[PDB]
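Since the structure comes first, as structure tokens, the remarks are kept for the end.
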Amino acid sequence: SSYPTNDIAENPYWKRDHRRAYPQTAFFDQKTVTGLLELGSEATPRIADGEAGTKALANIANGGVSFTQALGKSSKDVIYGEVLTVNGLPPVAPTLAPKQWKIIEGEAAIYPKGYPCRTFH
Amino acid sequence: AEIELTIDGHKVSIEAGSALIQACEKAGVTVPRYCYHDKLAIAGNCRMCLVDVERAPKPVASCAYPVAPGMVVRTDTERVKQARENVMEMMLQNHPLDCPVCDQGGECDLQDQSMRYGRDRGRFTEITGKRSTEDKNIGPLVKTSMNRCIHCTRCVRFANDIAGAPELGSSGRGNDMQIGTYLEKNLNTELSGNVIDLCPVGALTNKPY
Amino acid sequence: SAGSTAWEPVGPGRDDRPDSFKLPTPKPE
Amino acid sequence: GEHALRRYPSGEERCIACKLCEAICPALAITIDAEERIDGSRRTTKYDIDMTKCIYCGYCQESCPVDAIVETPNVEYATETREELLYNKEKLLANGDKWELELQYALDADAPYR
Amino acid sequence: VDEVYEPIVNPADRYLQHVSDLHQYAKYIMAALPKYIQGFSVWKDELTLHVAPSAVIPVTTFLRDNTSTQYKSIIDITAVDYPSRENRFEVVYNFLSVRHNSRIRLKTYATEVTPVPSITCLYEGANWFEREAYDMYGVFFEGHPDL
Amino acid sequence: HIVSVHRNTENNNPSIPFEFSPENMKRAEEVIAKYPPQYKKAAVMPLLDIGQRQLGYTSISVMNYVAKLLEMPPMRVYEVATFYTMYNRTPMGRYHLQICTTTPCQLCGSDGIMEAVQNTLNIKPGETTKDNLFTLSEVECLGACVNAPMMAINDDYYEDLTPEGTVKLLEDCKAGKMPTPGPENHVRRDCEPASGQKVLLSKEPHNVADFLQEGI
Amino acid sequence: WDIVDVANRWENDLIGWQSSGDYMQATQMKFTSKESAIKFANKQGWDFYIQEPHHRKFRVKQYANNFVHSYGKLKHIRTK
Amino acid sequence: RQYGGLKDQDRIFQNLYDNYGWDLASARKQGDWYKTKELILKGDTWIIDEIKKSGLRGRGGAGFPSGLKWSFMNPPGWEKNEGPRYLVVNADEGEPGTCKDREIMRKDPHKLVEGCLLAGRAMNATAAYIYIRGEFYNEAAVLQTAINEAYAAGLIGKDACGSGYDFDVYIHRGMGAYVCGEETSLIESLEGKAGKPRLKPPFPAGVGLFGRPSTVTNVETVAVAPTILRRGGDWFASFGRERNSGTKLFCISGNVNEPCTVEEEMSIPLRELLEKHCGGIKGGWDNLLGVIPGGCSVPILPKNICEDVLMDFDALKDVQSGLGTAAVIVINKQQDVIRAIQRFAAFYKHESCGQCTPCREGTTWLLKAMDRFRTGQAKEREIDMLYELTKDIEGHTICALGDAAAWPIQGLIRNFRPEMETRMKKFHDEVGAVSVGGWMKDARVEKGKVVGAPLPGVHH
Amino acid sequence: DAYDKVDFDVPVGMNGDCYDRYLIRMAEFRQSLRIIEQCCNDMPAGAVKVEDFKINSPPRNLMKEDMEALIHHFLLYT
């Protein structure tokens, strides 16, 4: 066993029920992304207050403003920072655990110098 | 006339005076139960329907608490989950390890709701052991293994209200309370088999099957 | 497969979208 | 290896017809039928294993809550006919009565780990 | 060892930054190809791009030749039957970039009689996979040399 | 432990007849009058006690007779007679010793009293003597916790006990007149401190009529 | 799929297993809605019968109704 | 201001010790039944407003303000309900330590009867039912004699005291149950059923006894009331702190030198009640271990708190306890506090009605664990386990008996934990090691029983 | 699983031939031996399956003494 799971007093199952705390699958159609573009996000809001912003969202929930329209209408500071990077470059295919390779040569290698197979750490 | 209320953020509407569990069923919200049945009277003894209402300090029974206008219910939060865990702990305190030899296995509400709303392991290890209860003979149709009774009172309510068989009752007091005929009597009615289906445990079972 | 569970096994999951990709709630007033 | 139905030291048979081995078996090799015995006990009237379906995985031996179905260490039971590999209740009980000592060695070594 | 200590941790918490990164990446792809990308979806280091059959060859060319998205290895092509949908079969593609060490998924739809474009023109490895999808599900890949 | 199952015996089974005497039937009708006419089942408790006093224990025949009188099913009466512990559903002795063992009477010496009674009668709680004279039962608090330790013999409270006094109390209840209830040997009257009253020391009370309001 | 009588189940004479000739006796498709099922059935050319579902009827349920006042003779004595 | 000097000029329950007899003529001298006709003719609202002005609170254990709960029976439009309206008196006295209502009903019955009449007038009641313990046989006989005196004197029944208010008074005898003191189980026992408590909603003021309006009050709460109406409310408010008004009957019991029932003003200090109205503690003050100030349904107090604590509702709640039935049970250092708490556990096991799951199973579990903690056949983490067990009961119940069964173990674990750890060390040294549940290495099921270790509490 | 907690090298070859694949596989033999050494030296203590009995079977001595354990065994195996 292990301690915090075998404990008999301060160990409710709902605090360690990781199966039922599973992450949802997020889905983004084109409507939901022009909302993030025309309006903003919860991190960078660009939406009016009250019912005005409510029906501003509703104008996107239905086909009011399109995705291409929102891209054309988008400023430099929106694209360069929320679509492309701050430097204007596109984002690369992300890596969860980046692996930087190193080549082992000489005496600590598997095969000597002549052979056509190398050693990568 | 219908009213309006909120359950887990969802707004739903049912007639006034209705029970909260009915609102949760209309809203598609699943609430546990052992002693509530749509066709039997409301008993509030299992204490498994507990939910959180902003009005009330303590968690209240969905089966019995009336529906009111503007009430806000949560069936999700930590108090409710802990309550369900605690109630199943107590429910399975004295329950017998009869699951292989029990004919309700695979279609038991106790099993499924322990897996869903309860603990993974028990903390009952007392050397004095569990309670025991003797088996009753109520006829050739209903077989009794009454160590498995969880004291829901569905059988009694059915027999006394829907069937007109007042011979079944609740004798004793406390942990030694026993469902049955206080003396050896038969459950004489032409509707007795629905007791087998109403019991969410295998305390009352089909004898030829 | 007739012995499939009659009770819902796993609830809704956990929202793990970042705040940059949740639509903005407008301020109340 | 070869399958066996065990008994208690009473001589009574351990199996209680719970049908968990029938349910977990990936190959559907187990076939069971049961009813109420004359003395009121939950016991099997039919217990069959098609060895020609079985994959020898041990899921039945893991599932049993009474240590009734087990797998012996035997592999030397090849036959000339396939009708001899459709083991029934009497075959399995005789096999347990035959292999109980080997099964007891194995259990005394293995049960803490399962 | 007297007591074994193992902390309680959610396995999904390890993914959050990468999830945000994949979201941004998918946003870029959607903004670069708004004619083709119907949607995207993200779950635990897995990005799926949601397109139509007409959009297979363009999007795959983009995912093969663009410098930031160098998905050069075909991993798998599969189909999934959802008989409740009007377009019952969902044709799934799995791609790997050994350059950037990243995986992507692309999904289209099909019927028993409506075909999908073959990506053998781009990935020779797709031949046998598309054949298997036909054999198991009946999805016809138009452009395939020997189906 | 509470017994919740009945097994028929030759002296406790529904074939045995039971009937209130005319005195007890008059009293029972007076008791039924104390509730609304349609809710006569409310009298199930007092009438069952009337039966338990006529015949020395609540037998199944008593329950069934009460059920016949009040037009209620017998099981509703069985539930009452099993719930409430003063209904003795086994036959009893002449004298029912009820000794409290709750915490006050324990702090003040109930266990000495229990030892004394068990040694004198050679009996354990829940059992009866050979004489059909003493039935012993350890009970919860009987509402005499200031005059502790305590006991009760067939409805009367003997209080502020000692092992000596309990032994000779049992002696004289075994044969001859039994003392009057209350504290043992009049070392106290009632709830007064045993040194003496410290509060209510006059010989004429204050009439509240002398201290009314300005109104009324 | 509905049963065909001659091919559904029969006992084997060797060891007593239940043999079948019907190759659709364990198949069960699951759909999201009635209409999708009907569309799929018609596309595959299957004749079908739609068994509509019977839902419980709503009725108000009060805990207080277990303890209401009886002006006349008690209809029945309630346990709990 | 400092409290605890109640003069006999200010004592409601004269005849608490049987110096001026109980029959009607004596009570007439005492002022009972003096001007009750004109009090009845003042009306509902004046009586309720005077009982509110008095600050009278519940004497049964829950200190809810009276008058308010008497006013719940008089909403707008009660006349069109068209049926009887009942008052119920909670003369049940199951609260281990509590003796006060006995000494009200055997030594001042006419105060109780007049209180029934006046509270029924206030709540517009047609009859009063008094629910007395079956073990209180002779006290019930006294109160029945007094009710008969009042019926023959024209003071109750048709045109009570010469007014136009009809009112009857009946005695019901409960044949043994501590749960029947609960508000709704009382009602169900009066209705001819097993005394299993009901849920709330419905509330007894709407749907109570026989489906009619009902209000359950303590004997003391009604017995005092005529004196508060006659003497003037503000008088009753002259005692105690701001929200803890009045006098209170205190039964002091246990390991005190002269166990007594006294009547002192509220917010009296506990040390003063023990030293001045009793003999002090048996063996000296610092020989005190703990005091239980409100009966078994209240957690124990350690010595550090009892030196400057006032006997009220508010303060005793401020120290995580309560003023219940004002029964002070004193414990010495020579005693085993664990035995006290495990006996209260056994009490709540015997007295559980057996209806709802947590009390049903948890009282048994708590007793099984406390039987082992008495002997030390446990572990140190099982104390925290037991605390969680009490929390599995403390809010998931129909009635408050589960809370009353959870609270004393909490008090013990809060104030007397090293005693438990010492007992467990003593067991580990004198007998042998132990596992979760009281199991030992040699403990086995041999021939239908556990043989290799002690089994606490089993007597059957 | 644990390859982030054990040291091994990866063989990579030029020329894409079968000789290079053979040399790669022999280097992989030797690196697997390295990993096996490290795992035999650094094998930790504790459980070998998740301690959530809603996903994994409980132990038998709990399945034969605890009610929740037996319920979970039954459901996981049926």
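Chains here go by letter, A, B, C, D, E, F, G, H and I, matching the order in which they are written, and residues are numbered from 1 within each.
We adopt the following convention: a residue touches a chain if its C-beta (ideal position, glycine included) is under 8 Å from a C-beta of that chain, and two chains touch if they have at least 3 such contacts.
The chains touching chain B as well as chain C are A. With centres taken as mean C-alpha coordinates, the chain found closest to the middle of all protein C-alpha atoms is B.
Separation between the centroids of chain E and chain F, computed from CA atoms only, is 83 Å.
For the pair chain H and chain I, the distance between C-alpha centroids works out to 63 Å. Rounded to whole angstrom, the centroid-to-centroid distance between chain A and chain E, based on C-alpha atoms, equals 17 Å.
Our note on geometry: chain A versus chain B, Cα centroid distance of 45 Å, whole angstroms.
Residue positions 3, 5, 14, 16-18, 20-21 of chain C are each in touch with at least two other chains. Shown for chain D are the residues that touch two or more other chains, namely 20, 23, 65. Residue positions of chain A touching 2 or more other chains: 1-2, 5, 8, 16, 18-19, 21-26, 28, 36, 82. Contacting chain pairs in the structure are A-B, A-C, A-E, A-H, A-I, B-C, B-D, B-F, B-G, B-H, B-I, C-E, D-G, D-I, E-G, E-I, F-G, F-H, G-H. By the touch rule above, chain A contacts chain B in their complex via residues 8, 12-14. Touching chain A in their complex are the following residues of chain E: 3-8, 10-12, 15, 18, 21-28, 30-32, 34, 37-45, 68-71, 97, 99-102, 104. Residues 14-17 of chain G are the ones that touch chain D when the two sit in their complex. Within the complex formed with chain C, the residues of chain E that make contact are 12, 15-16, 19-20, 23-24, 27.
Across the complex, chain B is touched by residues 3, 5-9 of chain C.
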